[PDB]
Amino acid sequence: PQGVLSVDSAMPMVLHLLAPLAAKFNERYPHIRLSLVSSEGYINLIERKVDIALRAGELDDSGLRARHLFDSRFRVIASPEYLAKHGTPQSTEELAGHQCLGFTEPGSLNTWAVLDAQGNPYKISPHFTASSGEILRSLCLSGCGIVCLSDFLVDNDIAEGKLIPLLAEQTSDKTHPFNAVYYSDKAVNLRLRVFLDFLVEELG
Amino acid sequence: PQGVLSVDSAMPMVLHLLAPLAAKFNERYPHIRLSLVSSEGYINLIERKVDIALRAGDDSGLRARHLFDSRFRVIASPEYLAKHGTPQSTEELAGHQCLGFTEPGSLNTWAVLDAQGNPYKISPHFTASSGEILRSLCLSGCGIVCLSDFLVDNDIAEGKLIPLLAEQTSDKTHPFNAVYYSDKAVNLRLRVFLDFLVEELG
Ligand SMILES: [Cl-]
Ligand SMILES: [Cl-]
């Protein structure tokens, strides 16, 4: 396997998942020149500007191949510093009293995976907004408020004590799948298949 | 000062400079609702999708306010250097794994000078769309990178990344500015944000 393989994903996937594994992938396949780009949505992939996309969406009836990588839950988090100055929410309805940060788009992500008293996902009014989950993580780390982000983005921060998980009982246990998406015709190339195989081992 | 202010910049500027200051700004001006977005180049600003752009790079009516000057640094992780040795001259970079940008290609002309005093142009083993991606690859032991001081200085402080070829690396700095259209300067929240950024960033 040799040559250039272009892999596209959202910033958090590239930084927390791909980048860490790229050194191990390099030792096994030193002749494959990975190109790791970060863009928004499936435009690059569909317009054939990259070979493979690693994304959480569900594209069916597109014709594109999807290979499952891993499942992730959402977590509601804040910095110890924010909680020290603002208090810790003990119910989901108390989030109305706190600074909740969200996406500029898509707005569907601003309906959090934390259930209210009636068992319905809580829609926030974002104080700060951002175009990336990675920016929301940084704002949360620096004490700007409460965010709701994928586990793989914040779990190591929680382990290091840099973020504190909130409203754990109220938080939805449901997971969302992440997939490697690509056109069937590009499965022909060995370097995509060995990258895909590698990704399913290490992420699964 | 009250309402939404949208700030566009490259990822490393947002994560390493803006986000850390956003809580302090919030305490001073709690009624300003920041929107921090990251994109490529000046397209959002030009097409008036954001109020201000923080970028190092002229469709006129633009104003540019200086924020700070930054040097580049060549770095690798301690784990990489233990497995591949540390380069003692710029010319030895040919034997090592150097990671670069997909684009712009001019950025793969590094700020490290060879024996003749020429900036070293690399053949990138791996490429990426963002300097933040290059920082992560570097941290993970994938190779050597050349990135702006504010992206890696703290890692160098913490001992996670090692500065290489310190004497050969250029001392020259490049400016970073807040860029915006003249007409948007009338807005109070843009003015207090700019003032804050100028005070805080140097
Ligand atoms: Cl994201
Ligand atoms: Cl960049």
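Here the protein sequences line up with chains A and B, keeping their order. Residue numbers 91 to 294, in the deposited numbering, belong to the letters of the first sequence in order. Residue numbers 91 to 147, 150 to 294, in the deposited numbering, belong to the letters of the second sequence in order. The beta-carbon is built from N, C-alpha and C at its ideal position, and this holds for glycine as well.
Integer-rounded CB distance, given that residue j should sit under 8 Å from residue i
i	j	result
B/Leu173	B/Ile254	6 Å
residue 76 of chain B	B/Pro91	With chain B running from 91 to 294 in the structure shown, residue 76 of chain B is simply not present.
A/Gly233	A/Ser169	5 Å
A/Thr178	A/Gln260	So it is not a contact: roughly 13 Å between Cβ atoms.
A/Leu111	A/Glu292	5 Å
B/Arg145	B/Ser99	6 Å
A/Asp206	A/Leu231	That pair is no contact at about 26 Å.
A/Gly93	A/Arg281	6 Å
A/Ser240	A/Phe164	6 Å
Nearest-angstrom Cα separation, counted from residue j out to residue i
i	j	result
B/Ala109	A/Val278	43 Å
residue 149 of chain B	B/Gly147	Absent from the coordinates is residue 149 of chain B, which sits in the stretch where chain B moves from 147 straight to 150.
B/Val290	A/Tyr119	46 Å
B/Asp141	B/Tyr272	6 Å
A/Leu257	A/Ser198	20 Å
A/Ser222	A/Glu117	31 Å
A/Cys238	A/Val127	24 Å
B/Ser96	B/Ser125	5 Å
B/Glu130	A/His188	32 Å
B/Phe193	A/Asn269	25 Å
B/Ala203	B/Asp245	16 Å
B/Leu107	A/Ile167	21 Å
B/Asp287	B/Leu243	23 Å
A/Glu195	A/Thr219	9 Å
A/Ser262	A/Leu185	16 Å
B/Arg157	A/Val104	32 Å
B/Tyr132	B/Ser274	16 Å
B/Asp161	B/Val284	21 Å
B/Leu229	B/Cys190	11 Å
B/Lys252	B/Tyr212	24 Å
B/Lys175	A/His176	47 Å
A/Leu149	A/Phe115	27 Å
A/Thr265	B/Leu159	43 Å
B/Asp151	B/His217	35 Å
A/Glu171	B/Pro102	23 Å
A/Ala143	A/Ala113	19 Å
A/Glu250	B/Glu250	15 Å
A/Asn134	B/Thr201	26 Å
B/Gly235	A/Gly235	36 Å
A/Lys276	B/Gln180	42 Å
A/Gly294	B/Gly294	45 Å
Bridge partners - residue i, DSSP secondary structure assignment
i	result
A/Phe160	A/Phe268
B/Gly192	B/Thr219
B/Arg123	B/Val94
A/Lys213	A/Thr201
B/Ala258	According to DSSP, B/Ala258 bridges with nothing at all.
B/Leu144	B/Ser99, B/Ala270
B/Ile167	B/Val237, B/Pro255
A/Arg155	A/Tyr272
A/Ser128	A/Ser99
Near ligand 3: residue i beta-carbon under 7 Å from a heavy atom
i	result
A/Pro102	As presented, the structure is devoid of ligand 3, carrying ligand 1 and ligand 2 as its sole ligands.
| Pocket of ligand 2 (residues with CB nearer than 5 Å to any heavy atom), chain order | The set, ordered by position in the chain, is B/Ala100, B/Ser222, B/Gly223.
| Interface positions of the stretch 120-134 of chain B facing chain A (Cβ-Cβ less than 8 Å), listed along the chain | Answer set for the stretch 120-134 of chain B: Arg123, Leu124, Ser125, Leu126, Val127, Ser128, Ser129.
| field | Contact list for the stretch 182-205 of chain A against chain B, Cβ threshold 7 Å | value | Within the stretch 182-205 of chain A, the qualifying residues are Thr194.
| Interfacial residues, the stretch 100-116 of chain A to chain B, with Cβ spacing under 7 Å | If you check each beta-carbon in the stretch 100-116 of chain A against every beta-carbon of chain B, the ones closer than 7 Å belong to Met101, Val104, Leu105, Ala109, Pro110, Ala112, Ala113, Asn116.
| said: Tell me which residues of the stretch 219-244 of chain A have at least one Cβ-Cβ distance to chain B shorter than 7 Å, keeping chain order. | reply: If the cut-off is 7 Å between Cβ atoms, the stretch 219-244 of chain A has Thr219, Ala220, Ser221, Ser222, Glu224, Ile225, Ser228, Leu229, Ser232, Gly233, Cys234 near chain B.
| Residues in the stretch 161-184 of chain A having any Cβ partner in chain B nearer than 7 Å | The stretch 161-184 of chain A vs chain B, Cβ under 7 Å: nothing.
| request: Name, going along the chain, the residues of the stretch 260-285 of chain B whose beta-carbon falls closer than 7 Å to a beta-carbon of chain A. | output: Residues of the stretch 260-285 of chain B with a Cβ closer than 7 Å to any Cβ of chain A: none.
| request: Pull out every residue of the stretch 138-162 of chain A whose Cβ sits closer than 7 Å to any Cβ of chain B, in chain order. | output: Those would be none; no residue qualifies.
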